[PDB]
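Remarks on the structure that follows.
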Amino acid sequence: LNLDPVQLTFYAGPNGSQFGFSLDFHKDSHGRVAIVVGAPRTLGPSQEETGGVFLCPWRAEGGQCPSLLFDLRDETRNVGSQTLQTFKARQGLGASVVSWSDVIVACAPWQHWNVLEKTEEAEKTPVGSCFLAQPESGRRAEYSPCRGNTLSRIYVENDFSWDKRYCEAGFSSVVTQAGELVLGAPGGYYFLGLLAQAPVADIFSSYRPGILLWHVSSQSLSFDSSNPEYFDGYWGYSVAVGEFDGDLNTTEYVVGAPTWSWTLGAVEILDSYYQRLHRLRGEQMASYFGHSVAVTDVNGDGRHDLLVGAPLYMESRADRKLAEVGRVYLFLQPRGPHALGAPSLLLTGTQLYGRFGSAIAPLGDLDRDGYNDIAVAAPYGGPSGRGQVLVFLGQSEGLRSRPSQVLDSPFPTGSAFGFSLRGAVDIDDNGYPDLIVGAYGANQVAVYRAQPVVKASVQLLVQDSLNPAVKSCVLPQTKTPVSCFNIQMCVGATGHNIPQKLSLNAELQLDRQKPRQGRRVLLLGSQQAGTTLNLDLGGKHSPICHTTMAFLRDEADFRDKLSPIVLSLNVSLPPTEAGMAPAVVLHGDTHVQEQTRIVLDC
Amino acid sequence: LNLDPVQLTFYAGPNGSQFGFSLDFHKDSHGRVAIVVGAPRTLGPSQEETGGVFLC
Amino acid sequence: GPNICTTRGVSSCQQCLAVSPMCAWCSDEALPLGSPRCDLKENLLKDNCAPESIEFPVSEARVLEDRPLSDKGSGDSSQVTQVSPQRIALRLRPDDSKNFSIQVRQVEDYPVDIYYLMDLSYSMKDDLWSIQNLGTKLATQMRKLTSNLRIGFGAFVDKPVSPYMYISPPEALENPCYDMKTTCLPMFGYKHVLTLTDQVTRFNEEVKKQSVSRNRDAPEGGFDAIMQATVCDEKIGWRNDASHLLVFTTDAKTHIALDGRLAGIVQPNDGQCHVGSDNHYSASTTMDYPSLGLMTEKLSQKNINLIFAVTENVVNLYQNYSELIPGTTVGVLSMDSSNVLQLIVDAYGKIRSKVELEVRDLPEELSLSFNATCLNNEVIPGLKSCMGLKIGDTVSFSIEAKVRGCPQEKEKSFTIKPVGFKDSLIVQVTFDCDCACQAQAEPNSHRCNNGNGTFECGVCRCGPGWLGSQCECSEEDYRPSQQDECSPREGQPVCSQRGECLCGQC
Ligand SMILES: *[C@@H]1O[C@H](CO)[C@@H](O[C@@H]2O[C@H](CO)[C@@H](O[C@@H]3O[C@H](CO)[C@@H](O)[C@H](O)[C@@H]3O)[C@H](O)[C@H]2NC(C)=O)[C@H](O)[C@H]1NC(C)=O
Ligand SMILES: *[C@@H]1O[C@H](CO)[C@@H](O)[C@H](O)[C@H]1NC(C)=O
Ligand SMILES: [Ca+2]
Ligand SMILES: [Ca+2]
Ligand SMILES: [Ca+2]
Ligand SMILES: [Ca+2]
Ligand SMILES: [Ca+2]
Ligand SMILES: [Ca+2]
Ligand SMILES: [Mg+2]
């Protein structure tokens, strides 16, 4: 709604580095906000795609950023008989960056790991590895919950039970408020998928540089299931946290399984013990219902609400039987928590193959009205297909079914503008949350600042119905007497961080239904039924209302004595296009109509 | 609590005093505010005991 | 009577005709009372104004190019026509609807292109042993139903990338079934084995030279193979004259789009032919799987019927895929594919047993309604597809176009086409919104105050500057009291003392 599309911040990475694949906001100790940007194909020291994370400090012009120096180096440690190896080649360091408190968790899901025991081995499979860092102190740590030393033949002997070799842990990383890092490993348990949750403090306090296979004592992992539905579910493709069971002591995870039950797709809400509280099935197969999941209270009722994304939803148009556009589901949590059922809103994209719903970012309260707003990104939507982001405002019932604002890609085609979204953080500290969109195709990140929202109010008062010729105050510049009265319109402009130069424009139209220059009611001065005048409110808590004397034409002169006398009061921003970009957004009621009639014997 | 004492607005009146017996904020319809002060012992039509009001 | 054209204001050829197709414009410079110019044709013809100078376009749909439906496509497949007519010119005024009919006949013996897409996963090794002599028996059975059969072959396992392909020890990169002591061949995404050709001996020879590979996860990179086979005309060698068949043989699930992110592959699949000179999919490792929507679009664009010859363990799944892609059907392959010949024959019969219309590049303004007339004279409205047909049968479809508003292009062409066939009807719709007299504008009409009014269509367009009857009202509205007031013979009070007599309202 109020996200500025004219002045953008462009943060660049290395060429072909996928700079922008994932991003988050890191809050420096001093309250200074920085952006953590994953670049999962940055060149390593040995001229090879390894990964990387950049810590972009906030600026106005933007540009290049410094990078967090992690340990990009294959590791080999022989624990007696065995020989543990970690291969950091095309590991994808930066595919999931999440900042909590003062720590940054940057996960490489495709880091490979092998256990060479004599002739045998455990197979060089991708287990993933999250790298935790504290850029203000240098404390580095690593977390690889799925590393194992079990030989390959053992799984074959036991039907691949509890096989965590292909986890790619860190595919989707979240951090709860209590400081617990939760990682979704879609490929764990032989591509069933699992969740690996562990306190960040324990991760930092159980890591020793040189030891490759250790065990965090407080970590918890999901349960392997023999139910045929979960097979190839990719359960952990997207993960989010929220309150969904009542008690605020317990925190619940929302986990997406985009291919649950034969590509049908599902989203599971379950407590910390991984007991499935509720399951939200998909609607159309191969739609990837669960690709993105977000938790926010859009309707403001105090209960968290769920947003699911199916970027490959093929809508049933009248002309096109099945067109791939994408679809975002909104589920509203009612009282009686185990009753969340049918979807409450079904947003759908427009462009074909635009993948509407690839990223659902809770924006906070962008408009500052007491309801939560979200952003849904279609990385290949838009008429030219270069990428779009649609801002949806929250309301009492669900949220707005139309995009309040639409942001288009400033980058060439194929930039994947919108693949990564992150918001609800006031980057410039102007009282309004900003938004960061990552186009990894162009290796860049666009930062949108939310300009202030001026909430207007209009009150146009016409005292009563009047007689054609009361023979009161004379017609202007003449002794000829006419009927006269007063028109008073009070316009107010209330908002946060409004500048001191705010000057609205009041269009006062006298009986707009009739054609101008001969209206039934004119002004007692210039006689112009339509008067648009500037009214300045640059820091005025008191609405300003310049009363005007208005003249009424003779009973014989005006022949339509039965048509209602409807005055129009319109409020518009001044032509700020002459200077720089419009510094304010005039959201709210800015146009009203007031009707009266013709009275007799008065 | 935050009323500035070190800087004040001083409005003069008639030498016959009473300027400040009663006063109020005249709120203009346009939104402006001006201070209206009644001086109930100003001069009369001919040096008579009367009142009188100023608009500051 | 009412003449809704007469009300709602009168502007020019555009407005009166845009109000309703039934409305007519009597541009002839007759009496203004005798030529209101915004009324129905029947009302206007009574009050003259029609020396063939009236404007009233009539919607028409002329058959520009029609040939009779063939009955046996044994010879000269290029000269075989299955859709009558082949090209029509349709004319529509704004907010008008008009219908026509098409006849679709599936010829008796049409040429057939069968391309065998084989899942070369290890569990499908036994199947490979029941396919060695498939060419000869397939030709023998198909010759009863065609005379220009051409068979091809392609193989697929999955993307040769880490999460699906074993990458340790390095011996497994050249024998992914080393540990089970057998010998397999390196993992391949999709390789085009045999180009479509009539010599079934070539098909039986290329088979027995194929070996299975080994993949980790149950889902197979199948839809990538379907996309590459479909979009590669030059390599696969599709004939744009034959019934394209694409038999899909598999036993497990399939990798839908967005799964390639499990391997670091995030670039979306584009419908391009990447099969290089080596007959190997050269972008399998650097391009995501195709989605159902893109696969369906490329199937329709190249006129390919899809047969999921899938084993009993996945049939329901692929059945649920069949009801997402037009022109596809699912057959129950066996564990060793011991009946794929019968499956292909019956699937081809069922595919020829249904005709479904498809609309291509239809302008958004046009809205179509379909009435299908199948065997006998029964006509089912609404639906655009009737089943139950056989080989040689003829069906008809009554199709109504319905434009809303008026596109500025005034001439757009769209396609009506039965699914799978190349035969198509090209409809060139011309929007007759404006008229000749509107184009014949005279802004300098001396009759209209020395030419300050566009005499376009008898009436004069002058706007608020001269909105009077003779383009004489120098100021907008009746305030200036345009010259020659309502006062009869002039010199009369306010239109005969009737106050504001408002032109003809006195
Ligand atoms: C192929 O599609 C059909 C049609 O949708 C599937 O059959 C139906 O699948 C739905 C799943 O949404 C079943 O509904 C659910 O059933 C479970 C019990 O299994 C119940 O607990 C849920 O509340 C919900 O009602 C429906 O019963 C089922 N009906 C039939 C006749 O099969 C089929 O499963 C799909 N096959 C696949 C995806 O392999
Ligand atoms: C939540 O935890 C607090 C701990 O102070 C406890 O007092 C409260 O009863 C708990 N609420 C529950 C378990 O519903
Ligand atoms: Ca809870
Ligand atoms: Ca809620
Ligand atoms: Ca809001
Ligand atoms: Ca801000
Ligand atoms: Ca088999
Ligand atoms: Ca593969
Ligand atoms: Mg298989």
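Ordering of the structure tokens sets the chain letters (A, B, ...), residue numbers begin anew at 1 in every chain, and ligands are numbered from 1 in the order given.
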*Identify all chain B residues at most 9 Å from chain A by counting only C-alpha atoms; ligands do not count. Present them as a PyMOL selection string.*
chain B and resi 28-32
Keeping only N, CA and C atoms, write the selected residues as a PDB file, in the first residue's frame.
ATOM      1  N   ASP B  28     -11.462  30.012  15.665  1.00  0.00           N
ATOM      2  CA  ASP B  28     -11.953  30.361  14.342  1.00  0.00           C
ATOM      3  C   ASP B  28     -12.452  29.118  13.616  1.00  0.00           C
ATOM      4  N   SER B  29     -13.492  29.305  12.800  1.00  0.00           N
ATOM      5  CA  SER B  29     -13.992  28.208  11.978  1.00  0.00           C
ATOM      6  C   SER B  29     -12.903  27.683  11.054  1.00  0.00           C
ATOM      7  N   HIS B  30     -12.002  28.565  10.619  1.00  0.00           N
ATOM      8  CA  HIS B  30     -10.889  28.153   9.774  1.00  0.00           C
ATOM      9  C   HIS B  30      -9.904  27.264  10.519  1.00  0.00           C
ATOM     10  N   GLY B  31     -10.027  27.163  11.838  1.00  0.00           N
ATOM     11  CA  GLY B  31      -9.120  26.385  12.661  1.00  0.00           C
ATOM     12  C   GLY B  31      -8.210  27.219  13.533  1.00  0.00           C
ATOM     13  N   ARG B  32      -8.107  28.518  13.270  1.00  0.00           N
ATOM     14  CA  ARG B  32      -7.238  29.386  14.043  1.00  0.00           C
ATOM     15  C   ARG B  32      -7.808  29.616  15.441  1.00  0.00           C
TER      16      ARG B  32
END
*Select from region 266-313 of chain A everything DSSP, run on the backbone, classes as strand (DSSP E or B), then give the selection as a PyMOL selection string.*
chain A and resi 266-270+276-281+292-296+305-310
Okay, now the selection with N, CA and C atoms, as a PDB file, in the first residue's frame?
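Generated file (selection_12.pdb):
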ATOM      1  N   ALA A 266       0.319 -31.175   1.816  1.00  0.00           N
ATOM      2  CA  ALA A 266      -0.316 -31.004   3.113  1.00  0.00           C
ATOM      3  C   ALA A 266       0.490 -30.026   3.948  1.00  0.00           C
ATOM      4  N   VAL A 267      -0.134 -29.544   5.018  1.00  0.00           N
ATOM      5  CA  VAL A 267       0.548 -28.747   6.032  1.00  0.00           C
ATOM      6  C   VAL A 267       0.125 -29.256   7.401  1.00  0.00           C
ATOM      7  N   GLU A 268       1.097 -29.570   8.246  1.00  0.00           N
ATOM      8  CA  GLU A 268       0.825 -30.129   9.560  1.00  0.00           C
ATOM      9  C   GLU A 268       1.175 -29.120  10.642  1.00  0.00           C
ATOM     10  N   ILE A 269       0.252 -28.941  11.582  1.00  0.00           N
ATOM     11  CA  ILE A 269       0.458 -28.122  12.768  1.00  0.00           C
ATOM     12  C   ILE A 269       0.619 -29.078  13.935  1.00  0.00           C
ATOM     13  N   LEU A 270       1.770 -29.017  14.601  1.00  0.00           N
ATOM     14  CA  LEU A 270       2.088 -29.974  15.650  1.00  0.00           C
ATOM     15  C   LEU A 270       2.931 -29.311  16.729  1.00  0.00           C
ATOM     16  N   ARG A 276       0.964 -34.585  15.953  1.00  0.00           N
ATOM     17  CA  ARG A 276       0.220 -33.854  14.936  1.00  0.00           C
ATOM     18  C   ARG A 276      -1.086 -33.331  15.519  1.00  0.00           C
ATOM     19  N   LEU A 277      -1.136 -32.022  15.775  1.00  0.00           N
ATOM     20  CA  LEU A 277      -2.365 -31.407  16.258  1.00  0.00           C
ATOM     21  C   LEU A 277      -3.419 -31.359  15.162  1.00  0.00           C
ATOM     22  N   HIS A 278      -3.027 -30.945  13.961  1.00  0.00           N
ATOM     23  CA  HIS A 278      -3.984 -30.853  12.870  1.00  0.00           C
ATOM     24  C   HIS A 278      -3.255 -30.984  11.542  1.00  0.00           C
ATOM     25  N   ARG A 279      -3.970 -31.466  10.529  1.00  0.00           N
ATOM     26  CA  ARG A 279      -3.441 -31.592   9.179  1.00  0.00           C
ATOM     27  C   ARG A 279      -4.372 -30.883   8.209  1.00  0.00           C
ATOM     28  N   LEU A 280      -3.797 -30.065   7.338  1.00  0.00           N
ATOM     29  CA  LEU A 280      -4.523 -29.311   6.326  1.00  0.00           C
ATOM     30  C   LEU A 280      -4.122 -29.901   4.983  1.00  0.00           C
ATOM     31  N   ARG A 281      -5.025 -30.671   4.385  1.00  0.00           N
ATOM     32  CA  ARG A 281      -4.723 -31.345   3.137  1.00  0.00           C
ATOM     33  C   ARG A 281      -4.689 -30.351   1.983  1.00  0.00           C
ATOM     34  N   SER A 292       5.273 -22.896   0.638  1.00  0.00           N
ATOM     35  CA  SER A 292       5.557 -21.803   1.555  1.00  0.00           C
ATOM     36  C   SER A 292       4.470 -21.769   2.613  1.00  0.00           C
ATOM     37  N   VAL A 293       4.863 -21.531   3.859  1.00  0.00           N
ATOM     38  CA  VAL A 293       3.920 -21.401   4.961  1.00  0.00           C
ATOM     39  C   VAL A 293       4.322 -20.198   5.798  1.00  0.00           C
ATOM     40  N   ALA A 294       3.334 -19.391   6.172  1.00  0.00           N
ATOM     41  CA  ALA A 294       3.550 -18.239   7.031  1.00  0.00           C
ATOM     42  C   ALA A 294       2.489 -18.225   8.118  1.00  0.00           C
ATOM     43  N   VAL A 295       2.849 -17.670   9.269  1.00  0.00           N
ATOM     44  CA  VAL A 295       1.949 -17.571  10.409  1.00  0.00           C
ATOM     45  C   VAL A 295       1.884 -16.116  10.843  1.00  0.00           C
ATOM     46  N   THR A 296       0.683 -15.545  10.814  1.00  0.00           N
ATOM     47  CA  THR A 296       0.467 -14.173  11.257  1.00  0.00           C
ATOM     48  C   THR A 296      -1.017 -13.983  11.528  1.00  0.00           C
ATOM     49  N   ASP A 305      -2.974 -16.860  12.507  1.00  0.00           N
ATOM     50  CA  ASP A 305      -3.627 -17.366  11.312  1.00  0.00           C
ATOM     51  C   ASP A 305      -2.575 -17.921  10.362  1.00  0.00           C
ATOM     52  N   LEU A 306      -3.002 -18.841   9.499  1.00  0.00           N
ATOM     53  CA  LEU A 306      -2.090 -19.621   8.675  1.00  0.00           C
ATOM     54  C   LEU A 306      -2.233 -19.243   7.208  1.00  0.00           C
ATOM     55  N   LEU A 307      -1.102 -19.178   6.508  1.00  0.00           N
ATOM     56  CA  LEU A 307      -1.057 -18.840   5.090  1.00  0.00           C
ATOM     57  C   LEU A 307      -0.238 -19.902   4.376  1.00  0.00           C
ATOM     58  N   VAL A 308      -0.883 -20.642   3.486  1.00  0.00           N
ATOM     59  CA  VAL A 308      -0.237 -21.705   2.740  1.00  0.00           C
ATOM     60  C   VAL A 308      -0.078 -21.255   1.297  1.00  0.00           C
ATOM     61  N   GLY A 309       0.957 -21.769   0.638  1.00  0.00           N
ATOM     62  CA  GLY A 309       1.204 -21.429  -0.748  1.00  0.00           C
ATOM     63  C   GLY A 309       1.325 -22.637  -1.654  1.00  0.00           C
ATOM     64  N   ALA A 310       0.646 -22.585  -2.797  1.00  0.00           N
ATOM     65  CA  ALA A 310       0.689 -23.633  -3.810  1.00  0.00           C
ATOM     66  C   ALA A 310       1.028 -22.953  -5.126  1.00  0.00           C
TER      67      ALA A 310
END
Quick one: residues within 12 Å of residue 52 (chain B), only C-alpha atoms, excluding same-chain residues fewer than 2 positions away - as a compact mmCIF listing (two decimals) with N, CA and C atoms, in the first residue's frame?
# COMPACT_ATOMS: atom_id res chain seq x y z
N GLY B 13 -3.01 46.19 28.11
CA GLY B 13 -4.38 46.66 28.04
C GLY B 13 -4.49 48.13 28.39
N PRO B 14 -5.68 48.56 28.80
CA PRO B 14 -5.87 49.96 29.16
C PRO B 14 -5.25 50.30 30.50
N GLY B 16 -6.57 51.97 32.68
CA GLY B 16 -7.60 51.78 33.68
C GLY B 16 -7.73 50.37 34.19
N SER B 17 -6.86 49.47 33.73
CA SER B 17 -6.76 48.10 34.22
C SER B 17 -8.02 47.30 33.91
N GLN B 18 -8.26 46.26 34.71
CA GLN B 18 -9.30 45.24 34.54
C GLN B 18 -9.08 44.38 33.31
N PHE B 19 -8.00 44.59 32.56
CA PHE B 19 -7.70 43.80 31.38
C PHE B 19 -7.23 42.41 31.79
N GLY B 20 -8.15 41.45 31.82
CA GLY B 20 -7.81 40.10 32.22
C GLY B 20 -8.78 39.54 33.24
N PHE B 21 -9.88 40.26 33.49
CA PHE B 21 -10.90 39.77 34.41
C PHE B 21 -11.45 38.43 33.94
N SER B 22 -11.71 38.31 32.64
CA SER B 22 -12.17 37.07 32.05
C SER B 22 -11.57 36.98 30.65
N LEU B 23 -11.36 35.76 30.18
CA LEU B 23 -10.78 35.56 28.86
C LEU B 23 -11.12 34.16 28.37
N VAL B 36 -9.41 36.14 23.42
CA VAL B 36 -10.33 37.25 23.62
C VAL B 36 -10.39 37.54 25.11
N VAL B 37 -10.12 38.79 25.48
CA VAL B 37 -9.99 39.20 26.87
C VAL B 37 -10.96 40.33 27.15
N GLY B 38 -11.79 40.17 28.17
CA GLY B 38 -12.72 41.20 28.58
C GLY B 38 -12.10 42.09 29.64
N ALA B 39 -12.11 43.40 29.37
CA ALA B 39 -11.63 44.42 30.29
C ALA B 39 -12.84 45.21 30.78
N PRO B 40 -13.50 44.78 31.85
CA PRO B 40 -14.80 45.35 32.23
C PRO B 40 -14.73 46.71 32.90
N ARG B 41 -13.60 47.40 32.88
CA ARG B 41 -13.53 48.74 33.45
C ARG B 41 -12.75 49.68 32.55
N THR B 42 -12.96 49.59 31.24
CA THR B 42 -12.38 50.55 30.32
C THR B 42 -13.20 51.84 30.32
N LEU B 43 -12.75 52.81 29.54
CA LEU B 43 -13.43 54.09 29.48
C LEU B 43 -14.80 53.94 28.83
N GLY B 44 -15.71 54.85 29.19
CA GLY B 44 -17.05 54.84 28.67
C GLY B 44 -17.21 55.72 27.45
N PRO B 45 -18.46 55.98 27.06
CA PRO B 45 -18.69 56.93 25.96
C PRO B 45 -18.10 58.30 26.22
N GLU B 48 -16.78 57.34 31.14
CA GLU B 48 -17.78 56.73 32.01
C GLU B 48 -17.32 55.36 32.47
N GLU B 49 -17.89 54.92 33.59
CA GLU B 49 -17.66 53.57 34.10
C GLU B 49 -18.39 52.59 33.19
N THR B 50 -17.64 51.86 32.37
CA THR B 50 -18.21 50.88 31.45
C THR B 50 -17.28 49.67 31.41
N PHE B 54 -11.16 43.20 24.29
CA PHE B 54 -10.10 43.19 23.30
C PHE B 54 -9.94 41.80 22.69
N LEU B 55 -9.44 41.79 21.45
CA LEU B 55 -9.21 40.56 20.69
C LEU B 55 -7.74 40.53 20.31
*All residues within 10 Å of ligand 2 are required, counting only C-alpha atoms and all ligand atoms; please report them as a ChimeraX atom specification.*
/A:246-250
Could you give me, as a tab-separated table, a per-residue list for chain A showing, wherever an atom lies at most 8 Å from an atom of ligand 1, the closest pair of atoms and their distance in Å to one decimal, using only C-alpha atoms and all ligand atoms and sorting by chain then residue number from low to high?
residue	atom	partner	partner_atom_place_in_ligand_line	distance
A:261	CA	ligand 1	38 (C)	6.4
A:262	CA	ligand 1	38 (C)	5.3
A:263	CA	ligand 1	38 (C)	7.4
A:264	CA	ligand 1	38 (C)	6.5
A:281	CA	ligand 1	12 (O)	7.3
A:282	CA	ligand 1	12 (O)	7.7
A:283	CA	ligand 1	12 (O)	7.5
A:285	CA	ligand 1	38 (C)	7.4
Please save N, CA and C atoms of the selected residues as a short mmCIF file (atom, residue, chain, number, x, y, z; two decimals), in the first residue's frame.
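Output file out_5.cif is given in full below:
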data_model
loop_
_atom_site.label_atom_id
_atom_site.label_comp_id
_atom_site.auth_asym_id
_atom_site.auth_seq_id
_atom_site.Cartn_x
_atom_site.Cartn_y
_atom_site.Cartn_z
N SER A 261 1.01 -37.52 0.43
CA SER A 261 -0.04 -38.39 -0.10
C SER A 261 -0.14 -38.27 -1.62
N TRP A 262 0.93 -38.72 -2.28
CA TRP A 262 1.00 -38.78 -3.73
C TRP A 262 0.80 -37.40 -4.35
N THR A 263 1.71 -36.49 -4.01
CA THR A 263 1.78 -35.13 -4.54
C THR A 263 0.53 -34.31 -4.25
N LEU A 264 -0.36 -34.80 -3.39
CA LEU A 264 -1.52 -34.00 -3.00
C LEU A 264 -1.10 -32.76 -2.23
N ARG A 281 -5.02 -30.67 4.38
CA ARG A 281 -4.72 -31.35 3.14
C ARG A 281 -4.69 -30.35 1.98
N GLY A 282 -4.11 -30.79 0.87
CA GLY A 282 -4.14 -30.02 -0.35
C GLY A 282 -5.48 -30.11 -1.04
N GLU A 283 -5.61 -29.33 -2.10
CA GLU A 283 -6.83 -29.29 -2.90
C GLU A 283 -6.66 -29.88 -4.28
N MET A 285 -3.80 -31.90 -6.88
CA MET A 285 -2.54 -32.61 -6.92
C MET A 285 -1.51 -31.85 -7.75
#
*Step by step, measure atom-to-atom distances between ligand 5 and each residue using only C-alpha atoms and all ligand atoms, keep those at most 9 Å, then write them as a count of residues only.*
19
*Which residue gives the smallest distance to chain C among A:286, A:72, A:390, A:35, with only C-alpha atoms counted?*
A:286
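With only C-alpha atoms and all ligand atoms as the atoms that count, the residue of A:254, A:60, A:583, A:375 with the shortest distance to ligand 3 is A:254.
Rounded to one decimal, CA of residue 162 (chain A) and CA of residue 187 (chain A) lie 11.6 Å from each other.
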*asked:* as a PyMOL selection string, please: every protein or nucleic acid residue near ligand 4 (cut-off 6 Å, counting only C-alpha atoms and all ligand atoms).
replied: chain A and resi 297+299-305+332-333
_Test item: residues lying within 7 Å of ligand 9 with only C-alpha atoms and all ligand atoms, as a list in words_ =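 For ligand 9, the residues inside 7 Å are residues 121, 122, 123, 124, 218, 220, 251 and 252 of chain C.
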Considering only C-alpha atoms and all ligand atoms, give me a table of residues in chain C that are at most 7 Å from ligand 7, with the closest atom pair and distance in Å for each, as CSV.
residue,atom,partner,partner_atom_place_in_ligand_line,distance
C:123,CA,ligand 7,1 (Ca),4.8
C:124,CA,ligand 7,1 (Ca),4.0
C:125,CA,ligand 7,1 (Ca),5.9
C:126,CA,ligand 7,1 (Ca),5.0
C:127,CA,ligand 7,1 (Ca),5.1
C:335,CA,ligand 7,1 (Ca),4.4
C:336,CA,ligand 7,1 (Ca),4.4
For the residues in that selection, give me N, CA and C atoms as a tab-separated table (two decimals), in the first residue's frame.
chain	number	residue	atom	x	y	z
C	123	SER	N	14.11	-51.83	-11.28
C	123	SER	CA	12.92	-52.67	-11.14
C	123	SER	C	12.22	-52.90	-12.47
C	124	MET	N	12.53	-52.10	-13.49
C	124	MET	CA	11.96	-52.24	-14.82
C	124	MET	C	12.86	-53.06	-15.75
C	125	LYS	N	13.83	-53.78	-15.19
C	125	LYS	CA	14.71	-54.62	-15.99
C	125	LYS	C	13.96	-55.79	-16.62
C	126	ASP	N	13.15	-56.49	-15.82
C	126	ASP	CA	12.35	-57.59	-16.36
C	126	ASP	C	11.45	-57.12	-17.50
C	127	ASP	N	10.87	-55.93	-17.36
C	127	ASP	CA	10.06	-55.37	-18.44
C	127	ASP	C	10.87	-55.27	-19.73
C	335	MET	N	3.82	-56.17	-14.15
C	335	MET	CA	5.11	-56.02	-13.48
C	335	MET	C	6.26	-56.17	-14.46
C	336	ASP	N	6.15	-57.10	-15.40
C	336	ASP	CA	7.14	-57.29	-16.45
C	336	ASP	C	6.70	-56.71	-17.78
*Per DSSP on the backbone, filter region 180-388 of chain C down to the residues in helix (DSSP H, G or I) and report them as a PyMOL selection string.*
chain C and resi 200-206+222-231+233-236+259-263+292-301+315-322+340-352
*Could you give me, as an MDAnalysis selection string, every polymer residue with an atom at most 12 Å away from an atom of ligand 6, counting only C-alpha atoms and all ligand atoms?*
chainID A and resid 2:4 33 58 363:368 423:436 447:453 496:497
*asked:* Please list as a ChimeraX atom specification every residue within 7 Å of residue 165 (chain A), counting only C-alpha atoms and excluding residues in the same chain fewer than 6 positions away.
replied: /A:125-127,146-147,188
